[PDB]
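so I pulled this structure from the PDB, and the sequence comes with it:
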Amino acid sequence: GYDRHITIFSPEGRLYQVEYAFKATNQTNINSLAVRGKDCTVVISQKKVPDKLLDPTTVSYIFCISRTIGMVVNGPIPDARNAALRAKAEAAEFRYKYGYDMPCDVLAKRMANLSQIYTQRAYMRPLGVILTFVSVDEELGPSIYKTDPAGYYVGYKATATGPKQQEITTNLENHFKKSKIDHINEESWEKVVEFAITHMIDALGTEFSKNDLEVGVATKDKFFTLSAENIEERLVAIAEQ
Amino acid sequence: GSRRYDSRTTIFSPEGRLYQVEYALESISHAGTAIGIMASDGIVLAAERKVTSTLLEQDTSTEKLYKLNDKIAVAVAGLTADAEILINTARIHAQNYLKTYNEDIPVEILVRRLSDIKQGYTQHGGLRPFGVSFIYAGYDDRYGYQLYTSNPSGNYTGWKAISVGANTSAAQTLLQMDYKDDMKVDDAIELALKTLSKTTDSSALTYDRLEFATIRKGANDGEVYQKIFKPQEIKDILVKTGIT
Amino acid sequence: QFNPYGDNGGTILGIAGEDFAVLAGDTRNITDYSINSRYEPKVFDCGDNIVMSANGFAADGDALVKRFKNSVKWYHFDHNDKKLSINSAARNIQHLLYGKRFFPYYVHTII
Amino acid sequence: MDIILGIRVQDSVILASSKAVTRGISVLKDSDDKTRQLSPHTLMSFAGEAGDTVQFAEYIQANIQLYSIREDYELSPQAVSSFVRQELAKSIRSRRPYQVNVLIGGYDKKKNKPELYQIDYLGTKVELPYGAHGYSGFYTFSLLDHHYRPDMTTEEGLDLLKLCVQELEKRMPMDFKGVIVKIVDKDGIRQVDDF
Amino acid sequence: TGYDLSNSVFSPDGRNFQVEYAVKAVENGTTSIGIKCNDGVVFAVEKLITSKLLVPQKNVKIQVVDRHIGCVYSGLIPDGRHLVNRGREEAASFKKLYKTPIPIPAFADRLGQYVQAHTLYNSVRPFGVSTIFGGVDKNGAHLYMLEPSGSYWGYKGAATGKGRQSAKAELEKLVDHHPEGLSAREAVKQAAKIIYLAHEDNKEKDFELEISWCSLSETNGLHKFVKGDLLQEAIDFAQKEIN
Amino acid sequence: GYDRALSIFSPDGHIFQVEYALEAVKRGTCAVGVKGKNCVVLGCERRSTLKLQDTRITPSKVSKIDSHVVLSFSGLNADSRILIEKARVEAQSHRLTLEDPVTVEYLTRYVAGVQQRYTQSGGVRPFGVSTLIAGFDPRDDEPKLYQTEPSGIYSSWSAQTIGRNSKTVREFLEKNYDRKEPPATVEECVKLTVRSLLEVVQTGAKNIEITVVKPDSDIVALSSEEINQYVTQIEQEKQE
Amino acid sequence: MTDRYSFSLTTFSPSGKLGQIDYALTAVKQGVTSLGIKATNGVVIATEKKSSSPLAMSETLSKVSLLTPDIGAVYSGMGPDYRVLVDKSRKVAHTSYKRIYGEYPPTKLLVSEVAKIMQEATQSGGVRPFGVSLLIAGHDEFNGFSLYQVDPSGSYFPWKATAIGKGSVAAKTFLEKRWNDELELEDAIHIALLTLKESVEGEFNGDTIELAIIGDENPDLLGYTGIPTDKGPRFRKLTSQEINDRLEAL
Amino acid sequence: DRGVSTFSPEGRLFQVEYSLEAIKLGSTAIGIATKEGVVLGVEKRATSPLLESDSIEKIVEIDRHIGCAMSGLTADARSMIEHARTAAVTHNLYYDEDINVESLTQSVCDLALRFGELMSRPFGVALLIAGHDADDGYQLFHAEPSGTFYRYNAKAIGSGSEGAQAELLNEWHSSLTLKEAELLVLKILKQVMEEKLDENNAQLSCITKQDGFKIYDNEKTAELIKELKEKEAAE
Amino acid sequence: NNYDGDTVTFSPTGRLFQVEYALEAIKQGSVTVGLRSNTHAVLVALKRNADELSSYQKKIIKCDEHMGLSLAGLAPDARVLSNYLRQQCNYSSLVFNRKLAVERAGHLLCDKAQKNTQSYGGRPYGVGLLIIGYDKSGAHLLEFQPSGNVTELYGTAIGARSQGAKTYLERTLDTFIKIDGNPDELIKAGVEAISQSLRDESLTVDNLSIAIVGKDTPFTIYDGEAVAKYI
Ligand SMILES: [Mg+2]
Ligand SMILES: [Mg+2]
């Protein structure tokens, strides 16, 4: 069974190395969530600093790819940084060649096409990561596009990734079946962040301090990540229920 | 390293055979039978297709019979895709000879270069051979009408009549039986069909499972016409010879 | 336009005796009408009882002397510390010079 | 080097090629054959830059001899001329082009007809009743235009050539030390061993 | 199985066993630590003395990158050197284009991406080292630790090799009992002690201590070796604490 | 490019891919060569598992390398074409630079060199071909017959055979060829050649091919016609 | 030392099977059903948009792709493989045809190029075959309307009508019953919607069904006027609404 | 399979060790080195009586002052001889002098280990390189496909070599004349060859400072076989 | 076991078997000793003949006037690594007019050996080297191991039975380290050390090889009649 070691088909038409790369996705034991406001796209990921010897500021799975694009990674950090550096390089080059900022969905497709190649060419292993790209695209508005080791990508109303992904998904599914719209009908990104953290707490059934979360926000013409204090501020407002 | 996953496509068995060539030949033996018969006054190419659905498009089609130039055609047995790679090579190689010498390529020289390519895949590069056998039907002004076959090994030989694909043992016996040198084209056409009729693996041999082509002396004298039969003409030549 | 060559003047002189040989040269280095140095030696001991001067363009001269001195070093390494015959040295230098046949060392060599 | 002539008659091709080889001030040689046999019934004469002409002629000769062995068959003069043209047309856009003009005189055994091809160093080919390269044409074409007839015998062709060589010896400033003449017919190539 | 015979193969768990086998060679190595201090970082390492035939002071294991970065590693020494040589090329090329000497986080990712790249192909072996490195950039001090997987984070303190667990626990003490900051000269002594404490596990042979430091106040933001007097001071402080 | 070492040593000190290349030769249709006193003859078995062949256009089993040297082979037909092509190119190249056609020994040494190169090059298998190379050195009337084999070793032979049932006919020639007394006439040498094939060849039919090389590029192949006249004659000489 | 895989990962087994092509075809068999029908005045290709999550916006993932203004493709099997094949198919239509002849390639010629790319993945060093079968529907001035199927081997065949993936056996039987050589395009759209209902388990409406035609020229879709001989694309994706319009008279 | 350039647990290269087995299967070759010259002798071993024995070339000239005897896969030696000749002729061109026999050998031996994933396998042939130079006089070298070369007063290689070498160990002294060495090589060959030694299935050569490297004609060797058989009848 | 197929594979314990197998070829190699004072550095190497008719494999190679090494194991690999070292010494001389530090020769050798142990289709060097050299910071001795591990020592020995010499030198440390200004006394100590690694056969004229480099001594090799003085 050497069809299990490289990206060639099994007799039942399967790529086991692609399947096993998906299992590496959950190896960090982190859950991430993404929703769209009217004006913004919010990404939230669990932040776990097990070791006290770690400098907690250097522990992040959210990346500022471009001025406008943010990317959160579910999977081991070396593959995460590999993917991040590439997408940064690809978004900069796109700008230089074509004279406008790389759209979220185009970078997602590009990174997915790169992922696809590793599933077809044998000497390249797939990366054990799922890439969730977020921006407020100038043509398409608030955008979530997500990439997997299979080289699959699609746009999302909202999405979740990690071990507890299914619980977070059905939680969000139920809100939208109810609220009956594409997005979180909210003015400020601050209240869409609050929504995101809330529905994460409900689905996971666990409580978050300011150092248990990582938050990224995409608005018109800048994507930024919140400090411990900007989250702490946001958690404190969630207390008023 | 990567050595672990290498089949070594270009090695000898302890008996001095090429594993991959033998297995490619095994592959071709399950392909629709193609027959070439060379008459005094022309050549016939008859190819039997695989089981075909009613929805499959009958007329605008040619999976088995391909034109190389105005004076040369091939019947294919094996992977259609592998054959088309080798065909476009041969078509170019024919056009290169024409541009260089301002003369149509002699049939053997074209057959040799294609055979020499196939040979290359068996000796170097660590790639699988082409799972294709060809019957070359062509005319040139040195040897007149010529029939050749090439197989995945890179071997090629000349023939008065030959089959490739399925049931070639059966077909080669039937041809060896009813073939004679003086035989004219219309006799050779009839023999080709009679042979497929007896070696086919379904009961009815209808027009829709046949590709047919003739290279005739028939034209404005001294020049050679190359005819790939329309399905109506295969229906006519099947009724004419009373197989339907 | 960049001229890769120059002329540092100087003059050299080799005379062969019966059981000795002299290789002499002035120690003046010039460009145009200026003196660069009043003592800049251009006659060198390359080892194996061999003396060498490459007079003309000092940069090409020093490059060649340096290459030949290295040639002596590797002759020892590759041929079990064998002494390099003056005739063998001469032939080696021909191949050094002709190695740059289409971009010559602008020097007059005497060993 | 200097003068090379060709004339196709009834059923042969006659190539005349100057014998002189001049290196600046001195005539180094007075018996040079500016010709290679490409196949038993195909002859090429050449003139142009020193070294390139022999190098090009011998290179063509080897290629045609290789083809003969491989196919056990002699290429038609048309095919050889087409091949040679392509080699020159190839070389004209080279880093250093071949500086060689050629006459290809062949007897096409399959068509029982003699053929003369004039190809310059650019790869400019023409089939001609009679041809020359360089300055040879300017003197002889007036004589050949007049006296030439498609149905001449070989000895008639040689006589018309004798006239051509005489006019050249009269009006050419350069002494080309006479010509070596060769005939290409159904029986192959032979040399008229004086003129 | 078969999953562990080729580098860059995912096991059905989702692991690269060859990277995990690389880690075993790291754990098998001598102890090495980094202590991040107020305005700098300190690197110390355990050098086993096979024989009194080792010239003391003369088999240096800590390596400088550029002028301002220290690197120390545990496991396969050649692999560590090869990674530093790459780090030096990366830092030279960064300086050449951008004039400023390479920031430590920027430098960490250069090694991160390079080491990660040796887990991508079956035609290369992962790095048989964990690397503790860092120094002083324009944003203050950074300590980093990098593993054969290409995984790296910023640390308050870090340890690897045989004595990684004792060191790890001894670092944890300092983080708690000095929350506001540890001084450069303090960290030098503390580093000497922790190497001595973690020599418990390589009890077999006795060893030579080696410290380096990169402090904005004490070394001007340059990586220098702790030699002669201040070394002997920290050796003495350490002899006292294993009593 | 494919790098793999396909020809490598085995613990017993054998190179199996070379030895297996010889097995392919063993299977090849029989080929024999016999030195006359002023000629060489190449005989070749041609299998009759198939008739309905066209023999005007089927590759002939003796190839001209130049006008004065020929090459027959036993083994893989496709492999032989590559060796023949290279040898024909090298022959023209030799004429172009040395201004003399190849000696049979030189042309042999070249083909042998190609065969050897494929026994210690990455990503190639050896040639499944042994060759008989026969002819006359230029302006020389002493005949030449050489043998090459997939390993790349080559040597001169008074007479030699290769391919299937070659051990049978090598035993025949060993018994029927006096070195002190080579076949003086052309007919004599041609006869001994056919006789050795008839130990192995089944019928006299279109089963045998003979090519005869005389000095000064004098190469001609016999048609069934003229071989039948030996087959007829030797049959009627079995009446003891 | 990066790519050492310079040898075929697809070889002949003793039985003469090419393992990896067979396995790629197995991967297509598991794929969601797609189909195509030739009418006399058009071609229709259609497939089911099976969503991974209800949170996915399945208009973003397009399974029916424009290759040229007069050629469309659909697939069954591995979506990512299809995506990169559409990208190479669009580019090869330019590089090796339009940039030479100033016009878009005819259907069978472009199909020939796609097939060639897929054949090379079947033989070239260090790659597996493509895990898709495409249905390519297109029109060109000198061949009229045509429909082709391309398999992992690089083999292609022209069809009057066919289907591929999960319920292809079922659907190919359905199409045989209902196909005649006198279908007007509207009739073939209707038949395609019937054939696709059989194989579609869940919701069946304009939002779960992707359907494109190669029909009449669409001046309204061209983007400019002023050149009388550029009349615009024959390829048109039907809107969510346009599909539901026909699901009335179903 | 396994790497072509891999070590056995013993710490030896598999492919080198396996090539050494191929050389043991090869025809015998002997060299004796004397102050009057070096002698090279080989068993020809014609595989059939029909093959013309003098077409077997297992002793070969490199320069006028260097000769070569081979044993093993002799086709593998084509390129080793070619390199050696090129090296010798090249050195003369660069230095206008004869190239030392040791320097020649070292050059040939540099080829030997340039193999693996440069050629695909090591050479299946050992060489006896024998010559004269002014600095070190008459020399015999044994060049293995391991890249190692040893200098020998006398050495045997091939199938007959284990016995032949113990036989040379006995009879070699530092005061052997050339004629003695010629006879001694004929003696030890006849002793180890399967078939019976005559002037057609064995061949001699020497290198003298004076007349350089010469391969002996069949007539010259035949008379040394007579001289050998006569000699051994006595006592 | 399964993990000794090539150098690119780690064992589950985390070892490189191909490197350990390369290390093995050294211990099969004939013994060689290195030792140095503050003024001189000496190599003594026991040379191995093939048989009674063969020469004694030369085990000491000169790299520059101020540097050279002794080998144990595959001699062709010693040739490659010595030849690489000669070029680096030569490069430092030509470009920087600078005699190459013995400590830097170590680093370059280490980094060259390492490359062969990390990538596919390579093989570790099958030789260990002892590098002596008098440079700008006095006498130096280096032990090179084909894992890439290079160590600066006062003395050492490598090859067959080298453990004998290595313990003698470990004992005699303070005796030989202060043989400054005496070349012969520093060699004698080396010839005594190498004798701890003999059995049955012992040092003859043409089986013993001594090299010395130091303050006023160009790296030079002593063989044959010029070592009789030390037996
Ligand atoms: Mg892969
Ligand atoms: Mg013209």
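Nice, thanks for sending it over. Numbering: from 1, shown residues only, chains lettered A, B, ... in the order given. Ligands and ions are numbered 1, 2, ... in the order given.

how about chain D: which residue is closest to chain I?
In chain D, no residue comes nearer to chain I than residue D:95, which is 35.6 Å away by Cβ to the nearest Cβ. For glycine as for every other residue, the C-beta is placed from the backbone atoms N, C-alpha and C.

helix, strand or coil for that residue?
coil (DSSP: H, G, I helix; E, B strand; the rest coil).

so what's the residue count around it?
Using other Cβ atoms under 10 Å in any protein chain shown, residue D:95 has 5 other residues around it.

show me where the chain has helices.
No chain was given, so I picked chain A. For chain A, the helices defined by DSSP state H occupy A:16-25, A:77-98, A:104-120, A:165-179, A:189-204, A:228-238.

that's the other chain; I wanted chain H
Counting by DSSP H, the segments of chain H that form helices are H:14-24, H:78-95, H:101-112, H:161-171, H:178-192, H:218-233.

okay, those helices in CSV with distance to residue I:120 next?
Converted to CSV, these look like this (distance: least, Cβ to Cβ, whole Å):
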stretch, distance to residue I:120
helix H:14-24, 17
helix H:78-95, 27
helix H:101-112, 23
helix H:161-171, 38
helix H:178-192, 44
helix H:218-233, 53
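
for chain B, which of these is the nearest?
Nearest of the helices of chain H (Cβ to the nearest Cβ): helix H:14-24, 14.4 Å.

is chain B within reach of the closest one?
No: Helix H:14-24 is not in contact with chain B by Cβ under 8 Å from any Cβ of the partner chain; minimum separation 14.4 Å.

residue numbers of chain I in contact with chain F?
Near chain F, when you scan chain I using Cβ under 8 Å from any Cβ, you find residue I:121.

and the residue of chain I closest to chain A?
Closest point on chain I to chain A, by Cβ to the nearest Cβ, is residue I:120, at 10.5 Å.

which residues does that residue contact?
Applying Cβ atoms under 8 Å, 6 or more residues apart in numbering or on different chains to residue I:120 gives the contacts B:1, B:2, E:122, E:123, E:124, G:1, G:4, H:117, I:6, I:8.

which residues in chain I form strands?
Remark: strands assigned in chain I by DSSP state E are I:32-36, I:40-46, I:60-64, I:67-73, I:127-135, I:138-145, I:149-153, I:155-158, I:208-214, I:217-222.

and the last one, what other elements does it pack with?
Using 3 or more Cβ pairs under 8 Å, 6 or more residues apart in numbering or on different chains; DSSP states H and E, the elements in contact with strand I:217-222 are strand I:60-64, strand I:67-73, strand I:127-135, strand I:208-214.

check whether the second one contacts chain C.
When you say that, I think you mean strand I:67-73. No: in terms of Cβ under 8 Å from any Cβ, no part of strand I:67-73 sits within range of chain C; the closest distance is 11.1 Å.

mind listing the strands that strand pairs with, and their directions?
Applying DSSP bridges, strand I:67-73 is found paired with strand I:60-64 (antiparallel), strand I:127-135 (antiparallel).

ok, the closest residue in space to residue A:137 that isn't next to it in sequence - contacts?
Spatial nearest neighbour of residue A:137, excluding adjacent residues (Cβ to Cβ, 6 or more residues apart in numbering or on different chains): residue A:143 at 4.7 Å. By Cβ under 8 Å, 6+ apart, the contact set of residue A:143 is A:36, A:41, A:103, A:104, A:105, A:133, A:134, A:135, A:136, A:137, A:155, A:218.

swap in residue G:249?
residue G:190.

ok, residue B:1 touching residue I:8?
Yes: between residue B:1 and residue I:8 there is a contact under Cβ atoms under 8 Å: 5.8 Å.

quick check: neighbours shared by those two?
E:122, E:123, I:120.

let me know the closest of those residues to chain B.
Closest approach between the shared contacts of residue B:1 and residue I:8 and chain B, by Cβ to the nearest Cβ: residue I:120, at 3.7 Å.

max-length strand in chain B?
strand B:132-140.

scratch that, chain H
Per DSSP E, chain H has its longest strand at strand H:125-133.

quick one: distance of it to the chain centre.
Distance, stretch centre to chain centre, for strand H:125-133: 6 Å (Cα atoms, centre = their mean, to the nearest Å).

what pairs with it, parallel or antiparallel?
Strand H:125-133 sits in its sheet next to strand H:66-72 (antiparallel), strand H:137-143 (antiparallel), going by DSSP bridges.

adding mean neighbour count, write those strands out as CSV.
Listed next are the strands paired with strand H:125-133 as CSV, based on neighbours: other Cβ atoms under 10 Å in any protein chain shown:
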stretch, mean neighbour count
strand H:66-72, 28
strand H:137-143, 23
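
possible to save those strands as JSON lines with distance to residue H:46?
Formatted as JSON lines, the strands paired with strand H:125-133 follow (distance: least, Cβ to Cβ, whole Å):
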{"stretch": "strand H:66-72", "distance to residue H:46": "16"}
{"stretch": "strand H:137-143", "distance to residue H:46": "25"}
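
now these in TSV, with distance to ligand 1?
Shown next, in TSV, are these (distance: least, Cβ to the ion, whole Å):
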stretch	distance to ligand 1
strand H:66-72	43
strand H:137-143	45
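
which of those strands sits closest to residue E:192?
Each of the strands paired with strand H:125-133 has some distance to residue E:192 by Cβ to Cβ; the shortest is strand H:137-143, at 57.7 Å.

mind checking if the longest helix along chain F is in reach of chain H?
If you go by DSSP H, chain F has its longest helix at helix F:77-98. No: Helix F:77-98 is not in contact with chain H by Cβ under 8 Å from any Cβ; minimum separation 14.7 Å.

give me the neighbour count for the residue lying closest to residue A:32 once chain neighbours are set aside.
Leaving aside its sequence neighbours, residue A:32 sits nearest to residue A:45 (Cβ to Cβ, 6+ apart; 4.1 Å). Using other Cβ under 10 Å, residue A:45 has 25 neighbouring residues.
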